[PDB]
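# Descriptive analysis of the structure
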Amino acid sequence: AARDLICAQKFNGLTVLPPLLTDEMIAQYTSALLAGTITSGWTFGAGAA
Amino acid sequence: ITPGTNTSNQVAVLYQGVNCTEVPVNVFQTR
Ligand SMILES: *[C@@H]1O[C@H](CO)[C@@H](O)[C@H](O)[C@H]1NC(C)=O
């Protein structure tokens, strides 16, 4: 009975594309950065861990 | 979605925000 107002944009042609990277992938990147920082300090930014 | 025309002339079609069970006017379902 009530339009959610996303449907009006969709019906008039105003759409939103999804992002390429999912939130799971962003969380995996932050987990990798955090684990590398905790385990190896700053040497993983230069060479190996 | 295509490679270059120097490679091949085979394309794929993505229907944006359309459930595959209502696709008509292989088949994979994405977000
Ligand atoms: C398409 O919509 C129906 C509506 O009930 C849903 O059950 C089905 O899962 C949808 N298709 C996909 C691939 O999710």
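Residues numbered from 1 in each chain as written, not as in the entry; some residues may be left out. Chains lettered and ligands numbered in written order. Part of a larger assembly, values for the part shown. Heavy atoms only, no water.

Per the PDB record, this model was obtained through cryo-EM at a reported resolution of 3.52 Å.

### Overview of the site of the ligand
Residue and element names in this part refer to chain B. So the rule is basically this: Residue proximity to a molecule or strand is established when one non-hydrogen atom of the residue lies within 4 Å of it. Pairs of N or O atoms are called polar contacts if they sit within 3.5 Å, as long as, within protein, a hydrogen donor faces a hydrogen acceptor (for residues adjacent in sequence, only side-chain-to-side-chain pairs). All accessible areas in this document rest on Shrake-Rupley with a 1.4 Å probe, and a residue is counted as covered only by the protein chains that are shown.
Close to the ligand lie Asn19, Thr21 and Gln29. One nitrogen or oxygen atom from the side chain of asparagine 19 is found 2.3 Å from an oxygen atom belonging to the ligand. For the ligand, the accessible surface in isolation is 350 Å², of which the surrounding protein chains cover 29%.

### Looking at the environment of A:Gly36
Residues and elements named next belong to chain A. Quick note on the threshold: Comment: elements are numbered from the N terminus, with helices defined as DSSP H or I runs of at least four residues and strands as E runs of at least two. Accessible area is worked out with a 1.4 Å probe on protein chains only. A residue is then buried under 20% of its type maximum, exposed over 50%, and partly exposed in between. Should any heavy atoms of two residues lie within 4.5 Å, those residues are considered in contact.
Tracing the sequence through the fold places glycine 36 in helix α2 (residues 23–40). With relative accessibility at 12%, the residue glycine 36 sits in the buried group. Remark: the alpha-carbon pair of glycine 36 and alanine 49, spanning 13 residues in sequence, is separated by 7.1 Å. Residues within four places of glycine 36 in sequence aside, it is in contact with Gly41 and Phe44.

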